[PDB]
file upload-v5.pdb (PDB, N, CA and C atoms)
MODEL        1
ATOM      1  N   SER A   1     228.336  37.002 150.423
ATOM      2  CA  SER A   1     228.074  35.804 151.214
ATOM      3  C   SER A   1     226.584  35.478 151.228
ATOM      4  N   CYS A   2     225.867  35.969 150.222
ATOM      5  CA  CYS A   2     224.432  35.731 150.117
ATOM      6  C   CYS A   2     224.043  35.381 148.684
ATOM      7  N   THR A   3     225.043  35.081 147.861
ATOM      8  CA  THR A   3     224.805  34.730 146.467
ATOM      9  C   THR A   3     226.001  33.992 145.874
ATOM     10  N   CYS A   4     226.065  32.688 146.115
ATOM     11  CA  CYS A   4     227.157  31.868 145.606
ATOM     12  C   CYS A   4     227.226  31.939 144.083
ATOM     13  N   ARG A   5     228.108  32.793 143.576
ATOM     14  CA  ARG A   5     228.272  32.957 142.136
ATOM     15  C   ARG A   5     229.750  33.014 141.760
ATOM     16  N   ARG A   6     230.052  32.663 140.514
ATOM     17  CA  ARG A   6     231.427  32.673 140.030
ATOM     18  C   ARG A   6     231.581  33.628 138.849
ATOM     19  N   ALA A   7     232.081  34.828 139.125
ATOM     20  CA  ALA A   7     232.280  35.830 138.086
ATOM     21  C   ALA A   7     233.037  37.038 138.626
ATOM     22  N   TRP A   8     233.753  37.724 137.743
ATOM     23  CA  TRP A   8     234.523  38.900 138.132
ATOM     24  C   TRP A   8     233.617  39.974 138.723
ATOM     25  N   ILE A   9     232.328  39.891 138.412
ATOM     26  CA  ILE A   9     231.358  40.856 138.914
ATOM     27  C   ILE A   9     230.261  40.165 139.718
ATOM     28  N   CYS A  10     229.344  40.959 140.260
ATOM     29  CA  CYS A  10     228.241  40.425 141.050
ATOM     30  C   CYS A  10     226.905  40.978 140.564
ATOM     31  N   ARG A  11     225.852  40.731 141.335
ATOM     32  CA  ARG A  11     224.518  41.203 140.983
ATOM     33  C   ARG A  11     224.506  42.720 140.815
ATOM     34  N   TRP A  12     224.555  43.434 141.933
ATOM     35  CA  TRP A  12     224.548  44.892 141.910
ATOM     36  C   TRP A  12     224.927  45.461 143.273
ATOM     37  N   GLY A  13     226.058  46.158 143.326
ATOM     38  CA  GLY A  13     226.511  46.743 144.575
ATOM     39  C   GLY A  13     226.562  45.733 145.704
ATOM     40  N   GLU A  14     226.766  44.467 145.353
ATOM     41  CA  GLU A  14     226.833  43.401 146.347
ATOM     42  C   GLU A  14     228.029  43.596 147.274
ATOM     43  N   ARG A  15     227.986  42.943 148.431
ATOM     44  CA  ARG A  15     229.065  43.045 149.406
ATOM     45  C   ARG A  15     229.689  41.680 149.672
ATOM     46  N   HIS A  16     231.011  41.605 149.550
ATOM     47  CA  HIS A  16     231.731  40.357 149.777
ATOM     48  C   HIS A  16     231.775  40.017 151.263
ATOM     49  N   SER A  17     231.656  38.731 151.575
ATOM     50  CA  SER A  17     231.677  38.275 152.960
ATOM     51  C   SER A  17     232.057  36.799 153.041
ATOM     52  N   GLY A  18     232.752  36.316 152.016
ATOM     53  CA  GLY A  18     233.164  34.925 151.989
ATOM     54  C   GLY A  18     232.354  34.099 151.009
ATOM     55  N   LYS A  19     232.828  32.891 150.724
ATOM     56  CA  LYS A  19     232.143  31.999 149.796
ATOM     57  C   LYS A  19     231.320  30.958 150.549
ATOM     58  N   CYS A  20     230.605  30.123 149.803
ATOM     59  CA  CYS A  20     229.777  29.081 150.398
ATOM     60  C   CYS A  20     230.394  27.703 150.178
ATOM     61  N   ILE A  21     229.686  26.668 150.615
ATOM     62  CA  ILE A  21     230.162  25.299 150.464
ATOM     63  C   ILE A  21     229.253  24.499 149.536
ATOM     64  N   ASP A  22     229.317  24.807 148.245
ATOM     65  CA  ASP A  22     228.501  24.115 147.253
ATOM     66  C   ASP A  22     229.248  23.987 145.930
ATOM     67  N   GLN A  23     229.920  25.061 145.529
ATOM     68  CA  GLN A  23     230.673  25.068 144.281
ATOM     69  C   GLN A  23     232.168  25.210 144.547
ATOM     70  N   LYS A  24     232.521  25.413 145.813
ATOM     71  CA  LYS A  24     233.918  25.565 146.202
ATOM     72  C   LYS A  24     234.539  26.787 145.535
ATOM     73  N   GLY A  25     234.672  27.870 146.297
ATOM     74  CA  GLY A  25     235.253  29.087 145.762
ATOM     75  C   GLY A  25     236.724  28.931 145.433
ATOM     76  N   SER A  26     237.012  28.484 144.214
ATOM     77  CA  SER A  26     238.389  28.287 143.778
ATOM     78  C   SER A  26     239.145  29.612 143.747
ATOM     79  N   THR A  27     238.403  30.706 143.607
ATOM     80  CA  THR A  27     239.000  32.035 143.561
ATOM     81  C   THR A  27     237.928  33.118 143.503
ATOM     82  N   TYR A  28     236.955  32.933 142.619
ATOM     83  CA  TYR A  28     235.872  33.896 142.463
ATOM     84  C   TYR A  28     235.266  34.258 143.814
ATOM     85  N   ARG A  29     235.426  35.517 144.209
ATOM     86  CA  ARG A  29     234.895  35.993 145.482
ATOM     87  C   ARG A  29     233.375  36.105 145.429
ATOM     88  N   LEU A  30     232.708  35.508 146.410
ATOM     89  CA  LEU A  30     231.251  35.541 146.476
ATOM     90  C   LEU A  30     230.743  36.975 146.569
ATOM     91  N   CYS A  31     229.446  37.122 146.823
ATOM     92  CA  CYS A  31     228.834  38.441 146.940
ATOM     93  C   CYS A  31     227.466  38.349 147.610
ATOM     94  N   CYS A  32     227.156  39.331 148.448
ATOM     95  CA  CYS A  32     225.881  39.362 149.153
ATOM     96  C   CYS A  32     225.004  40.501 148.641
ATOM     97  N   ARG A  33     223.702  40.249 148.563
ATOM     98  CA  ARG A  33     222.756  41.252 148.089
ATOM     99  C   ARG A  33     221.905  41.783 149.239
ATOM    100  N   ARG A  34     222.303  42.928 149.784
ATOM    101  CA  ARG A  34     221.578  43.540 150.890
ATOM    102  C   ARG A  34     220.204  44.025 150.439
TER     103      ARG A  34
ENDMDL
END

call {"tool": "encode", "arguments": {"input": "upload-v5.pdb", "output": "structure tokens"}}
result
Amino acid sequence: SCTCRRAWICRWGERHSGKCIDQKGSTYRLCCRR
């Protein structure tokens, strides 16, 4: 929930917390970078 991205993976050890309102999360789960 800190990096609106669309991919099966994320930056690195990111934590999911929901998507944002810019690209519309059609399915790709967002990811947060602590």

call {"tool": "resolve_selection", "arguments": {"input": "upload-v5.pdb", "expression": "the PyMOL selection byres (((chain A and resi 5-15 and name CA) around 8) and name CA)", "output": "VMD selection string"}}
result
chain A and resid 1 3 to 4 16 to 17 25 28 to 34

call {"tool": "atom_distance", "arguments": {"input": "upload-v5.pdb", "atom1": "CA of residue 19 in chain A", "atom2": "atom N of residue 2 in chain A"}}
result
7.4 Å

call {"tool": "axis_aligned_box", "arguments": {"input": "upload-v5.pdb", "around": "range 4-23 of chain A", "padding_each_side": "5 Å", "output": "JSON"}}
result
{"center_x": 229.5, "center_y": 35.4, "center_z": 145.4, "size_x": 20.0, "size_y": 32.8, "size_z": 25.3}

call {"tool": "build_atoms", "arguments": {"input": "upload-v5.pdb", "residues": "range 5-16 of chain A", "atoms": "N, CA, C and O atoms", "output": "PDB file, keeping the file's coordinate frame"}}
result
ATOM      1  N   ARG A   5     228.108  32.793 143.576  1.00  0.00           N
ATOM      2  CA  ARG A   5     228.272  32.957 142.136  1.00  0.00           C
ATOM      3  C   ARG A   5     229.750  33.014 141.760  1.00  0.00           C
ATOM      4  O   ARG A   5     230.596  33.369 142.581  1.00  0.00           O
ATOM      5  N   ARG A   6     230.052  32.663 140.514  1.00  0.00           N
ATOM      6  CA  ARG A   6     231.427  32.673 140.030  1.00  0.00           C
ATOM      7  C   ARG A   6     231.581  33.628 138.849  1.00  0.00           C
ATOM      8  O   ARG A   6     231.252  33.283 137.714  1.00  0.00           O
ATOM      9  N   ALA A   7     232.081  34.828 139.125  1.00  0.00           N
ATOM     10  CA  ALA A   7     232.280  35.830 138.086  1.00  0.00           C
ATOM     11  C   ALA A   7     233.037  37.038 138.626  1.00  0.00           C
ATOM     12  O   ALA A   7     232.974  37.340 139.818  1.00  0.00           O
ATOM     13  N   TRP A   8     233.753  37.724 137.743  1.00  0.00           N
ATOM     14  CA  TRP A   8     234.523  38.900 138.132  1.00  0.00           C
ATOM     15  C   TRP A   8     233.617  39.974 138.723  1.00  0.00           C
ATOM     16  O   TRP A   8     234.078  40.858 139.445  1.00  0.00           O
ATOM     17  N   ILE A   9     232.328  39.891 138.412  1.00  0.00           N
ATOM     18  CA  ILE A   9     231.358  40.856 138.914  1.00  0.00           C
ATOM     19  C   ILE A   9     230.261  40.165 139.718  1.00  0.00           C
ATOM     20  O   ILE A   9     230.245  38.940 139.842  1.00  0.00           O
ATOM     21  N   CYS A  10     229.344  40.959 140.260  1.00  0.00           N
ATOM     22  CA  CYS A  10     228.241  40.425 141.050  1.00  0.00           C
ATOM     23  C   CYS A  10     226.905  40.978 140.564  1.00  0.00           C
ATOM     24  O   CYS A  10     226.831  41.617 139.513  1.00  0.00           O
ATOM     25  N   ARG A  11     225.852  40.731 141.335  1.00  0.00           N
ATOM     26  CA  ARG A  11     224.518  41.203 140.983  1.00  0.00           C
ATOM     27  C   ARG A  11     224.506  42.720 140.815  1.00  0.00           C
ATOM     28  O   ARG A  11     224.452  43.230 139.696  1.00  0.00           O
ATOM     29  N   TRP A  12     224.555  43.434 141.933  1.00  0.00           N
ATOM     30  CA  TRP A  12     224.548  44.892 141.910  1.00  0.00           C
ATOM     31  C   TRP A  12     224.927  45.461 143.273  1.00  0.00           C
ATOM     32  O   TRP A  12     224.211  45.272 144.255  1.00  0.00           O
ATOM     33  N   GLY A  13     226.058  46.158 143.326  1.00  0.00           N
ATOM     34  CA  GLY A  13     226.511  46.743 144.575  1.00  0.00           C
ATOM     35  C   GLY A  13     226.562  45.733 145.704  1.00  0.00           C
ATOM     36  O   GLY A  13     226.418  46.091 146.872  1.00  0.00           O
ATOM     37  N   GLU A  14     226.766  44.467 145.353  1.00  0.00           N
ATOM     38  CA  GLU A  14     226.833  43.401 146.347  1.00  0.00           C
ATOM     39  C   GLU A  14     228.029  43.596 147.274  1.00  0.00           C
ATOM     40  O   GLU A  14     228.968  44.323 146.949  1.00  0.00           O
ATOM     41  N   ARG A  15     227.986  42.943 148.431  1.00  0.00           N
ATOM     42  CA  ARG A  15     229.065  43.045 149.406  1.00  0.00           C
ATOM     43  C   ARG A  15     229.689  41.680 149.672  1.00  0.00           C
ATOM     44  O   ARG A  15     228.989  40.714 149.980  1.00  0.00           O
ATOM     45  N   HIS A  16     231.011  41.605 149.550  1.00  0.00           N
ATOM     46  CA  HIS A  16     231.731  40.357 149.777  1.00  0.00           C
ATOM     47  C   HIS A  16     231.775  40.017 151.263  1.00  0.00           C
ATOM     48  O   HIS A  16     231.912  40.902 152.108  1.00  0.00           O
TER      49      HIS A  16
END
